[PDB]
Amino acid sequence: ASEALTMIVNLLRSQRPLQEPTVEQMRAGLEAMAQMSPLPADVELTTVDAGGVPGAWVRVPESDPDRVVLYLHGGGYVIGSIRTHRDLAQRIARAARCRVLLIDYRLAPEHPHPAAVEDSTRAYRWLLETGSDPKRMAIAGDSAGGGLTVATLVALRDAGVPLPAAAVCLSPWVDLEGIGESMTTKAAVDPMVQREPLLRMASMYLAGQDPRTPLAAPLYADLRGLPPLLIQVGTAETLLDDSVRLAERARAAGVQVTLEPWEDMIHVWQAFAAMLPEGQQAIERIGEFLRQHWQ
């Protein structure tokens, strides 16, 4: 891996937003870290009411105005915001030459499951209502937002809503019990995600519901009929086996899955693309994948 990976690992070993003592401090910690990646001058942000869900349009100069990624931010269903993820959103908008709708879906513990999935499906339905075409759309998300991407597709399919051309999952979180082998075997090399904080956030999202509830933990969902899926994951991740098991389940369901394991990469390494070469390389691959499925 690039020497820059050592700098990102060192940052994460000291700035541990998932290990902050309160939800308020976890939220503020991730906001402080995102504020470091300064936004390019050519990014246009437009706040919008996406059918009752607050959102922001992210546009860059080469955004095709009729192609849209609905972007579902990570943060364990508890943290993250339009602010934390607008840099990753603009990088994807640039690579995929599209507009990104970044939504502020309801967060736990204030709004437990299924609030997040109600909001992601409402935003997608609103895009259709306002004239977006499914063959020029995609849903993408990181970590909890990667799990929410799969759950959103399942819920839309079950409601008879036309599915988009493709979907992208970045280090998705789909096992809310943390029982993947890598949760043990990669614990020593993951500077961000460990079982204790994952179970803390799962508790807030589930509010006593079965941790294998399919739209909360899509490792247990019926995935038949989903569109082509790109799963990017790092091998230095306790969540590696979330991606491996999701790929197995989607392939068994007849889905066109690409599983891309990036050697030595850490959780949502794409968010560090300003400093990490593999982050920008992975975002270029996301853009290639989306443009191929919109052809």
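One rule holds for the numbers: they count along the sequence shown, beginning at 1. Under this definition, the rigid core comprises the largest set of C-alpha atoms superposing within 1.5 Å between the forms.
Rigid core fits of the other structures in 5 other deposited structures of this protein place the C-alpha atoms of one stretch farther away on average; of 252-260 and 31-39, that stretch is 31-39. Annotation: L163 does not belong to the positions left without coordinates in a third of the other compared entries; each one with flanking residues models it. Residue-level annotation: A188 lacks coordinates in a third or more of the other entries compared, counting only those that model residues on either side of it. Per the PDB record, of the two stretches 125-133 and 160-168, 125-133 carries the greater mean B-factor over its C-alpha atoms. Comparing 261-269 with 54-62, the higher mean C-alpha B-factor in the PDB entry belongs to 54-62. Residues shown: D142, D210, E110, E118. Highest C-alpha temperature factor in the entry: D210.
Which of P114, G147, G74, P197 has the largest Cα B-factor in the deposited entry comes down to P197. The PDB entry assigns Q35 a C-alpha temperature factor belonging to the highest third of its chain's modelled residues. Among all modelled residues in its chain, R106 ranks in the lowest third by Cα B-factor.
Residue-level temperature factors show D87 in the middle third of its chain, judged at the C-alpha atom. In the PDB entry, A274 places in the highest third of its chain by CA B-factor.
Ranked by Cα temperature factor within the chain, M192 sits in the highest third according to the deposited record.
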